[PDB]
């Protein structure tokens, strides 16, 4: 009863008589006090992980888990008549990330701490995230995503750096977050840089704000609006700010540890999460050459031997580019250096395709990263091979030695030990506690593949997790979930090629089948989650549809008993932690050539969910690890899509007219029922888009998708066969541990340990 005695100390009261809010605060302090006295990791070569996003999630629970204190606390609260979940709901989720890029960063830094690697992340302390998602009149609106309280996980420091821009120099401030390792005595920091004199008053209506007020807006928003020059410039301010703080920091930290700057490579290595921190290269060079009096060409040799680049993009065309003119507007002094690097490269390599600056004066930040780094890694085996063989071949041809693969991973603490405690205990029950050190020892679960006693338990755990979710959704999302239903979940950002609209077309089908009187064996609950870019009109039309549908569906006594549709508001980490452990069907149905990886896929696999999806991305490795029978793959090959794009012979109108399933679903979008619920403009627009354009081929796989889903649903009805495949999935999920992924980064690239 360590925490109970603590509250008595600091409060003079018992748990029984405190509020959930006051208890959270007390836990906050309890934990920050435990972490404060923990030493750092001491590996001589420190790794620096720079990322423009860290989708880190709530920290209370994970911190407790990593301290080993989570169960005793959960017990003491219940014995006081208090639900931990309600205490957890007090914390606001850090708005420091958006998509898979950020989450990957979080999972990676987590594994760093758990493996005792002296490796810290560096990013920005965004006071509002991408944006807070709010539904009004069946449409997505945006609002600031504030999160920072006075009492938070942010540990203030006294460190400040000057960041020089053309029109001014900015003073930075640094707040750190303790990144704890699983049952470890030493900790890491997450370094988040920021400025004072931030003005929230700029924000006016929605997320609108004056993009030119740099001193007041710098760290307000992640990925601020980009539709105009001024917006673009702000992105540059951001990127350089993050980068300059990072480099200044690592140099200081190197020096403290007795480094002369000639041997910096022995003290520091840098991994840049995509193209956002590319400007760290010429920045480091600047610091060494001008601030520390090192010969320019020596500075270059030193920096290019301690830089690591990670490319998440597939196509080289999509890589980040900057007009020289814009850069001179913001970081002209750096530009000079970047032009020097262009000279070095352009003199040595005759291939015009590898040049940093191109004919139109655009600066290819990726091209810079490749020339002056020791490693360029891909995220997945096929993805890396695409880079080496086509997209980045010009660079492969001269830098064969740099290109390697590093399959993405997820942290098993957050996505198993916490997300699904029930399941976590059961695993240990069956195959022991070894899988904590080695996630591949989940293959011991195979021996129980045919055991009926287990199939019964997994279904029970599944059912309990649905109850855990039902509590949550009711409590925080105003949603009434039916626990006695098949739960089908698609949680991704809204883009045409993610094809949420395909899943919505299936809903319209299933709705029409029920109205015909052809009823499901079991009730189905389709749940969506994710944001759309405010400027992306079609994506917002799609979101609008699905909201019209869930209103139509869930308010029809004839259909309600058989079909529920939900779009959970403001999808994020803590919502995923609830949805995923309660999910039967994992929707991973993006177009065939558009996904490189997909950690979401990897989470569902771990939480006992069967996957329904295309042969692409993480699906590929999954389908390999399990059997073809233990997954429901559909749609066209990657090759077939690419080629069809190449021939330009796809006409979505033909699929519409020729296939009744489709013809009927699409026509329903503008039917009388739906028009009444929603806006004519949106629904009519989306409706003509699918017929006349449909650039990401929603209609191509629809007919087979619907079919494959119905098959999968019917296979649910046998719970011995179903959970046999579930055991197949979970027994092979050990492959996607982020601890394995980091061990590989460290072994091949960083050499920190």
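Numbering follows the first chain given and starts at 1.
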(request) Between 544-552 and 671-679, name whichever shows the higher mean Cα B factor according to the PDB entry. (result) 671-679
(request) Tell me which of 422-430 and 215-223 has the higher mean C-alpha B-factor in the deposited entry. (result) 422-430
(message) If I read the C-alpha B-factors straight from the PDB entry, which of 340, 498, 474, 136 is highest?
(response) 474
(message) For the CA B factor values reported in this entry, which option in 245, 310, 659, 440 has the top one?
(response) 440
(request) State the tercile, meaning the lowest, middle or highest third, of residue 735 with respect to the CA B-factors recorded for its chain. (result) highest
(message) Which third, lowest, middle or highest, does the C-alpha temperature factor of residue 723 belong to within its own chain?
(response) highest
(request) Comparing against every modelled residue in the chain, figure out the third that the C-alpha B-factor of residue 704 lands in (lowest, middle or highest). (result) lowest
(request) Quick one: classify residue 81 as lowest, middle or highest third of the chain based on its Cα B-factor. (result) middle
(message) Using the temperature factors of the C-alpha atoms in this entry, rank residue 187 within its chain: lowest, middle or highest third.
(response) lowest
